[PDB]
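*Asks:* Would you mind keeping the following structure in view while I ask a few things?
Note: ideal-geometry Cβ built from the backbone for every residue, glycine included; neighbour counts use all protein chains shown. Just so it is clear, none of the values below were taken in a lab; they were calculated from the coordinates.
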Amino acid sequence: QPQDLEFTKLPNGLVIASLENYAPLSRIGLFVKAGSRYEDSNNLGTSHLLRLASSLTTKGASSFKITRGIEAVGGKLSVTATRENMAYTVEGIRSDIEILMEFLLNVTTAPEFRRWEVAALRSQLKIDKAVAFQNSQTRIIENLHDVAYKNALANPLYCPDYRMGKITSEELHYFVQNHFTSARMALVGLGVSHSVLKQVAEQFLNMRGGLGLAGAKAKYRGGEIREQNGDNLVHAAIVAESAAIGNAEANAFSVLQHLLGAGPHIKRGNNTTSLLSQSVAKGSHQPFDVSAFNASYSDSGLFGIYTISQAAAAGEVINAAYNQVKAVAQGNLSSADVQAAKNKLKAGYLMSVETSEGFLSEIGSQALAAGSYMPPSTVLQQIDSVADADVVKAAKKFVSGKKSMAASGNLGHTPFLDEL
Amino acid sequence: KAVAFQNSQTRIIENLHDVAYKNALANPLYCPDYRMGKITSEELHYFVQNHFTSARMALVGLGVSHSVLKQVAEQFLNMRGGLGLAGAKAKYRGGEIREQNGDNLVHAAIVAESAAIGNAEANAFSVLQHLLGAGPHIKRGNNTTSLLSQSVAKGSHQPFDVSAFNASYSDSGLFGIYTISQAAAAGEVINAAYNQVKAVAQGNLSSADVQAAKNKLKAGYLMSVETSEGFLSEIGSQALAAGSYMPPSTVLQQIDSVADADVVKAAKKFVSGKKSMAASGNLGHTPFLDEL
Amino acid sequence: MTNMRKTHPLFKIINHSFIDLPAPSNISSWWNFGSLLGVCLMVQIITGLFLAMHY
Amino acid sequence: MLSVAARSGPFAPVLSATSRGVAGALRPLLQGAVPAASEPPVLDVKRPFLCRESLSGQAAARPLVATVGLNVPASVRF
Amino acid sequence: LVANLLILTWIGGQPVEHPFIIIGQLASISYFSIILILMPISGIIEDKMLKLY
Amino acid sequence: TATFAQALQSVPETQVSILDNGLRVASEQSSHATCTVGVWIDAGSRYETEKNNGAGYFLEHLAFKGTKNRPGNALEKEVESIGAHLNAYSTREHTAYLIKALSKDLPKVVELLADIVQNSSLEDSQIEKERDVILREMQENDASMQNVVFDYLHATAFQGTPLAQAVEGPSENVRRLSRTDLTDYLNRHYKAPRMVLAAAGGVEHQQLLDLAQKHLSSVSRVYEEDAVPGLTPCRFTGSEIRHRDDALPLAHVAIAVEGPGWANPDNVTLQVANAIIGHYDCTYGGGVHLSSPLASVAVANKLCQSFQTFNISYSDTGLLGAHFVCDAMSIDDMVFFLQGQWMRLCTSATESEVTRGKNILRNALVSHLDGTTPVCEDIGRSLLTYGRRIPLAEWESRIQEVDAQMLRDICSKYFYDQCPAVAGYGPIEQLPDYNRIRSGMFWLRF
Amino acid sequence: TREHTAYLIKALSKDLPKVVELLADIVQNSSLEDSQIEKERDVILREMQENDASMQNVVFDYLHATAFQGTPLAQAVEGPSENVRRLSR
Amino acid sequence: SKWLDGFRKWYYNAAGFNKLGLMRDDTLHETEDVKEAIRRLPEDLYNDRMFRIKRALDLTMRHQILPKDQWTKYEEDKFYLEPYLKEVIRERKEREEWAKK
Amino acid sequence: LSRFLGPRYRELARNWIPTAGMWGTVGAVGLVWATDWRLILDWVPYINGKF
Ligand code: HEM
């Protein structure tokens, strides 16, 4: 007997969301508005060490006790972080989630941050950054955010090279005390009852309840940065400012990326409904990969094109992709293409929420954003409420706005922003 | 490369050229990190065979006669081809690179396009450099006649150093302001220096200051050609750039031919030109190009 | 190159055991005694060998 | 649809960093390893600048000049 | 203990008459009692007196 | 509240029907608005006879390039039109063509799958293009070291059998096979009794059965010459392949012994043994407090970059062992510690680590069975291998009957004094030769 | 240095007289103002703090201090910091 | 009581490590727990401890003691290593109990 | 020696009793064979012919 989602907002600001579906493995996550955008130039990379410091000694359980107790029941504790949000998630058998909530709420609420532990963790910070930047997409997206924004969203997800060896226990304590407050936290549980979740919520985090430290508004700057590193393929992202979280223009931009192309649906396919892929493939016979990039955060968004191409043919491919968006900015589109884009977007949303951890991430993000769970059918009808003129308006907003460009590879034939 | 990049203004100049040019002047003087372990012998042979040719070389001797130098020139330097490869004309882009590395001192350089070598206006730019300060004249001095130091020093109680940067190449130019300041007061130092250059560009200057800048430029040239190494560097640069030897008296004469209205025009060209910025340090308070 | 005391394989053992061996500065005369034992052992062997030449 | 995994389809692992404090039962795809990155050379530290009087002259004014030698240390002028 | 070893060395060169038997017996008993019992008890007392635990 | 037992027993059962051709039609219903519908075929590289060693892979490339009814990219235009996702994969024993779609698009998807299994037009220009594509993707697949190491392990462990040959096949066969070899492979190995139509998620079983009767009826059912192929057992060989290339930065080493097979239940016990050893890579945040002794000693001595344990199962055979990635100067030490752990599981297994391994296996099974795609994958593999879908309650019963005594008995049966297969790639000079590994496969103290 | 002091001007030849009397204005008629004394005391203290991080200057000062013990050749040109704090006009 | 405190000061003077300038925690034998607690020390206390040990070794080398005004007095003998040692001991007991069960 | 007083160490000791007993049997048989002990070899039937 699966019931519906059930929500209470506690008077200290903490959101509690629960769903009891009688799953054999139950999953409990806690969502904090403490991403990398809340740092400044004095404590860069603190959120990366905080993300990697989830298995440290807490006031209530040591590192040995936390690690051996989570592995004793076979449960899993993971930390996922975006530029806005952090989420600490535990999952396991229903008979062990009491001590799993003990461990998770101890980790969230009462860390110790001993100096020898963080001194041991900084080498793991370097190793994690190297493993993350082993692929070109991660480096080019970090570079794109750094050149696109000025202060808030320009902060990297991974710690800079100079800041390793300089992050202290006091910076971690200050970050936790200024951003891990009850008004910025949602505790979301799939496979758990409401009563046990709300009672462990009221007997763990009953000491902090404020709004925390407010972050600065993100400011666009634009520009371009180029990384000549001699790779075989040229990666290039060209974006502009777009809509934020909470507007119908964000829905228009999502429909616009699914019209332009947002990943292959067929293994080794040709992408014959992707306008960018068709416009490149009608002129270039070299291997390529052209898609549309959209990343929207609660105050600002980035929308643009992403290209991977050969070094000799890096130019006109980018130009071809850009020209295709200009055609969409001129009204050159068909209603069947927009209907197929809407179907692709809604199928992608439903397959994103069909898994348990994706469902928990969606519920936690919605509880942080608004404090209530929006049903999927209303999301479907608000996707269906997007018109063609909104897609044309989003395309002309992209082509009229000033650009941020991140390029990497052999950039001898990669064009500049003024040459576009 | 590590020994050269040990100090920050080398990396600032490299990043500034990479900001300022699309090609043919933005190539670094030092080898990039990925190119280490990959430069081969045939690439060096290709570079020497295409650029070390006879029409691009000057043999200059101090302490030798012309006969010995010309006979080793005809016995060695006759087997090469001609003019070699042309180049790529060094087109301008502009922009900004900010390198956050958490130094105690913020180094910033804001530059714009200026005249090339051989243009008369470049000489005016040189005078403009000595109008703004191209280095100290007293060991531990206050730089009283430096306009940038006078404009910044009245609002700073903590250490700084501001100068005018001038770089003339055979097809291009780069004139701007170099600032070194604290992290918390980089914005006011940069804004004060930029406002000083803007005040120079609006015709607010003294003829005595222009005469002092001319005297500084003439003394700097005559002290640069004082040693034998600087003299032979000057002769080789003149022979490569113009194919003739220009006497120092003629150099001082064309320095004295510069008008102050040309200095105003050079400052106005810097102010109205598109800017290029390279910054490093703790850049939490360093302004952007549109914020100036 | 010519640091034979630390490159010759025989000589580096004598070096590592008796020349460049890091010893505490403050050890008293009691720490002499074991070395005496080794020397005394050698003395015994030598005297015993000559005592073995006629016994 | 207020999430980076629901709104950014292919760009989910590049806008998000997922670490594990305690490993789960299932091993992650693409385990990854660091292939022994090289050590930068050890250089002697340069003096700092704590007064205006020694900062005077540190700003560049001329183009970059590099110089190497057979038995002369390498130098750079500004 | 060193004094007791000196006493045992003296007794070992003496024949078995009074009071060498009882002196050697008390010497050996005190030797084994000092090595096996008294020294760790003394070390524990010293750790108490130095406020270690 | 509900404990683990009735939470496992509240999982909906997988209902299986059969058409007149012998085609299995299996489905499991959930509350999701999406669904995953796939076709599983008992056809892999084990059924190939070294003259058509890349036929399944190259047909897997050609299967989405157009059919007779839907010529060319118009076919994939259809699977773009509903926003569905189309995937296919091939192993040494099974081939799968699966579609993730919405529930309301259930008929057309099934019809699409029908074309993919019985109407694929193999154009010759498309054959040349996919031949070049397969050549370039082998040219990028040999850069990935673990695929090379596992292929080397399969080759040296199943020498002389059809289980040694890779799924992709050699490059000469890619340059050599024509359309008639593909047609013969398609008419030989795509038989209806060797096929399962599996559906997971928001599907009704009666509607899916009616759609399979409408579209998937009368595939072949007849081998056309009364020439039925037969599955042949594969000889395991304790052996060693060492590909030394000192320019690579890291070394990958896999050591395995013979596995029991799909139908042998002690696999479950062996899985618990793997859960005792576990996996590790350098980004794990546990530090020195990891429960696995191998992972703890690897973190403590900075030995490995990663390791993992595997139990690969084929029809009454398999490979049970460990694969680790590390630099050269650690390799021998890693081998030593790994072998010690195996012998400890043969000799000194205690109840606490057995309980931990049982909990890890329970979490692994239930967390793997999450989403429509892995449930459909499990249904297809269960109907192909076991002939039935084993429910999670039976898995829990077989897990809870495992204790320490039968774990060390089964581990002594499969690990102790056995000849392993070793595959190394990279700077593997300090990797010990076969006598030292074989001597490390037992203890002189028992 | 430890034994010599130099005040030198680089100039043009035609400015040769004025430069000479500028030198005659420096080594003969110096005015030593007290607020300037305080400012240069702070400047010298932080300049010695700067010189502390240059290891060859520290090593050569140590070499002089251990090679010329008990003599005026051991002491540095800058002197100790306490003398910098209490030198008067 | 007060008599026990006076006798403990007398025993502290009879122990004689105060004559070399050593603290109480400087004289601890470096076991595994003691080395871990030393490794957990801040760098100022670490440098003070090893300078005190070096000075004590130098004084023992020349068979001398400090002047009596420079002796470590009883009421300024701060137990700096003791809480780190308690932390290391308690976590080692926790690991021992987990391995025991 | 209270470190090794637990259920896991008791299970390890119980598991290693038969191997240690078999090794003790090996040592006793080897000692009797090497020393040619008459208290045992006079009872084994085929060994009686050499005495
Ligand atoms: C390998 C070297 C040695 C040899 C060849 C050796 C040989 C001899 C010989 C031949 C004698 C009999 C001569 C005599 O009575 O003085 C002797 C006596 C003796 N040796 Fe050694 N010896 C050796 C080492 C030692 C050592 C290491 C000790 C112990 C410290 C030792 C203790 C004695 C003693 C106590 C006597 C009896 C002395 C006496 O009563 O006259 N010997 N040895």
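*Asks:* I need the P(r) histogram for the range F:1-92: all alpha carbon pairs, bin width 5 Å from 0 out to the longest distance, whole percents.
*Replies:* In whole percents, the pair-distance histogram is 3, 9, 12, 14, 16, 18, 12, 7, 5, 3, 1, 0.
*Asks:* Still on this structure: For chain B, report the translational diffusion coefficient in µm²/s to the nearest whole number, using Stokes-Einstein at 37 °C, 0.692 mPa s, and a Kirkwood Rh over Cα pairs.
*Replies:* 155
*Asks:* Next up: Assuming a ≥ b ≥ c are the square roots of the Cα gyration tensor eigenvalues, decide whether the protein assembly as shown counts as rounded (a/c under 1.5), prolate (otherwise, with a/b larger than b/c) or oblate.
*Replies:* The shape class here is oblate.
*Asks:* So what is the orientation-averaged projected area of chain H, using the convex hull of its C-alpha atoms, in nm²?
*Replies:* With the hull built on Cα positions only, its mean projection is 8.6 nm².
*Asks:* Kirkwood hydrodynamic radius of the range A:217-420 from all distinct Cα pairs, in Å?
*Replies:* Kirkwood hydrodynamic radius for the range A:217-420: 17.9 Å.
*Asks:* Between beta-carbons, use under 11 Å as the cut-off and find the net charge around A:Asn319, counting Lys and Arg +1, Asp and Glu -1.
*Replies:* -1
*Asks:* While we're here: Given F:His243, F:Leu270, A:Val325, which one lies farthest toward the positive end of the charge dipole of the protein assembly as shown, if we put +1 on the Cβ of every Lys and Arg and -1 on the Cβ of every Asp and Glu?
*Replies:* A:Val325
*Asks:* Also: Would you kindly derive the ³J(HN,Hα) couplings of the range H:21-26 from the backbone phi angles with the Karplus curve 6.51 cos²θ - 1.76 cosθ + 1.60 (θ = phi - 60°), listing them in order in whole Hz, with x for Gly and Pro?
*Replies:* x, 7, 8, 5, 7, 6
*Asks:* Give me a single rounded figure for B:29-36: the average over its residues of other chain Cβ atoms within 10 Å of their Cβ.
*Replies:* Partner-chain Cβ atoms within 10 Å, mean over residues of B:29-36: 3.
*Asks:* Same structure again: With bins 5 Å wide starting at 0, give me the P(r) of the range H:3-52 over every alpha carbon pair, in whole percents.
*Replies:* It works out to 5, 17, 23, 19, 15, 13, 6, 1, in whole percents.
*Asks:* Here is a follow-up. What is the set of long-range amide H partners of F:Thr283 at a cut-off below 5 Å, with H atoms built 1.01 Å from backbone N?
*Replies:* none
*Asks:* Restricting the calculation to Cα positions, tell me the Rg (one decimal) and the Dmax (whole number) of the range F:252-364 in Å.
*Replies:* Rg then Dmax for the range F:252-364, in Å: 14.0, 41.
*Asks:* So how strong a dipole does the protein assembly as shown carry about its Cα centre when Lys and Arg Cβ are +1 and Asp and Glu Cβ are -1, to the nearest 20 debye?
*Replies:* 1960
*Asks:* So what's the back-of-envelope 222 nm ellipticity for the protein assembly as shown, counting only DSSP H runs of four-plus at -39500 (n - 2.57) apiece and dividing by all residues, rounded to 500?
*Replies:* Taken over the protein assembly as shown, the calculation gives -13500 deg cm²/dmol.
*Asks:* Considering the dipole of the protein assembly as shown built from charges on the beta carbon (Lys and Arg +1, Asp and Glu -1) around the Cα centre, which of F:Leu294, C:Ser28, F:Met334 is farthest to its positive end?
*Replies:* My answer, from the dipole projection, is C:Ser28.
*Asks:* Would you compute, for the Cα atoms of chain I, the largest minus smallest coordinate along each principal axis and list the three values in descending order, in whole Å?
*Replies:* If we take the Cα atoms of chain I, the spans are 52, 19, 13 Å.
*Asks:* If I fit a long axis through the Cα atoms of helix A:356-369 and take the longest principal axis of the Cα atoms of chain A, what angle between them do I get, 0 to 90°, rounded to 10?
*Replies:* That works out to roughly 90 degrees.
*Asks:* If you don't mind, there's one more thing I want to ask. Sort D:39-47, H:59-67, F:205-213 for me by packing, meaning the mean count of neighbouring Cβ atoms within 10 Å per residue, highest on top.
*Replies:* Most protected by this proxy first, the peptides run F:205-213, H:59-67, D:39-47.
*Asks:* Neighbouring Cβ atoms within 10 Å as the yardstick, rank I:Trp16, H:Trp3 fewest first.
*Replies:* By the 10 Å Cβ count, ascending: H:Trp3, I:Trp16.
*Asks:* While we're on this one: Give a quick list of trypsin sites (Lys or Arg not before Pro) in the range F:52-87 that DSSP marks as loop, anything other than H, G, I, E or B, with at most 15 other Cβ atoms within 10 Å.
*Replies:* Here the sparse-neighbourhood loop sites are F:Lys68.
*Asks:* In whole angstrom, and with the biggest value first, how far do the Cα coordinates of the range F:121-165 range along each principal axis?
*Replies:* 38, 25, 12
*Asks:* Quick check on the exposure proxy: order I:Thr19, B:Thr286, B:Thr10, D:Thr67 from fewest to most C-beta atoms within 10 angstrom.
*Replies:* So the ranking, lowest neighbour count to highest, is D:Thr67, I:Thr19, B:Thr10, B:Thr286.
*Asks:* Obtain the radius of gyration and the Kirkwood radius of the range F:91-177 from its C-alpha atoms and give Rg over Rh.
*Replies:* 1.07
*Asks:* Just counting partner chain Cβ atoms within 10 Å, what average do the residues of peptide F:84-91 show around their Cβ?
*Replies:* That average works out to 3.
*Asks:* Quick one: helix B:66-76 against the long Cα principal axis of chain B, what's the angle to the nearest 10°, folded into 0 to 90?
*Replies:* On a 0 to 90 degree scale, this one is about 70.
*Asks:* Can I ask one more? Which one, E:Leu26, F:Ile116, E:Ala3, projects farthest toward the positive side of the charge dipole computed for the protein assembly as shown from Cβ point charges (K/R +1, D/E -1)?
*Replies:* So the residue furthest toward the plus end is E:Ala3.
*Asks:* Under a cut-off of 28 Å between alpha-carbon atoms, report the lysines in cross-link reach of H:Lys93, not counting same-chain residues fewer than 8 places apart.
*Replies:* Output for H:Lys93: A:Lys59, A:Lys65, A:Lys76, E:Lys48, E:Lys51, F:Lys302, F:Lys358, H:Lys35, H:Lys78, H:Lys101.
*Asks:* Something else now. Would you mind putting F:321-333, B:208-220, F:266-278 in packing order, based on average other-beta-carbon counts within 10 Å, highest first?
*Replies:* F:266-278, F:321-333, B:208-220
*Asks:* Could you give the dipole magnitude of chain F about its Cα centre, charging the beta-carbon of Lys and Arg +1 and that of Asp and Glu -1, in debye to the nearest 20?
*Replies:* The dipole magnitude comes to about 420 debye.
*Asks:* Here is a follow-up. In what sequence do F:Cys419, F:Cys234, F:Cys304 fall when counting other Cβ within 10 Å, fewest first?
*Replies:* F:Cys419, F:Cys234, F:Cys304
*Asks:* Only four residue types carry charge here, +1 at the Cβ of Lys and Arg and -1 at the Cβ of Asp and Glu. Report the dipole size of chain B about the Cα centre in Debye, rounded to the nearest 20.
*Replies:* With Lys and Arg at +1 and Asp and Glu at -1, about 200 debye.
*Asks:* Which of the peptides A:28-36, A:364-372, G:79-87 is most tightly packed, and how do the rest follow, judged by the mean count of other Cβ atoms within 10 Å per residue?
*Replies:* Sorting A:28-36, A:364-372, G:79-87 by mean packing, highest first, produces A:28-36, A:364-372, G:79-87.
*Asks:* Let me ask another. Within 10 Å of each Cβ in H:84-97, how many Cβ atoms from other chains are there, averaged over the peptide?
*Replies:* 2
*Asks:* DSSP loop (so not H, G, I, E, B), at most 16 other Cβ within 10 Å: list which chymotrypsin sites (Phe, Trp or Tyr not before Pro) in the range F:28-67 pass both filters.
*Replies:* Passing sites in the range F:28-67 do not exist.
*Asks:* Roughly how tilted is helix A:169-179, in degrees to the nearest 10 and between 0 and 90, from the longest Cα axis of chain A?
*Replies:* Here the helix axis deviates by roughly 80 degrees.
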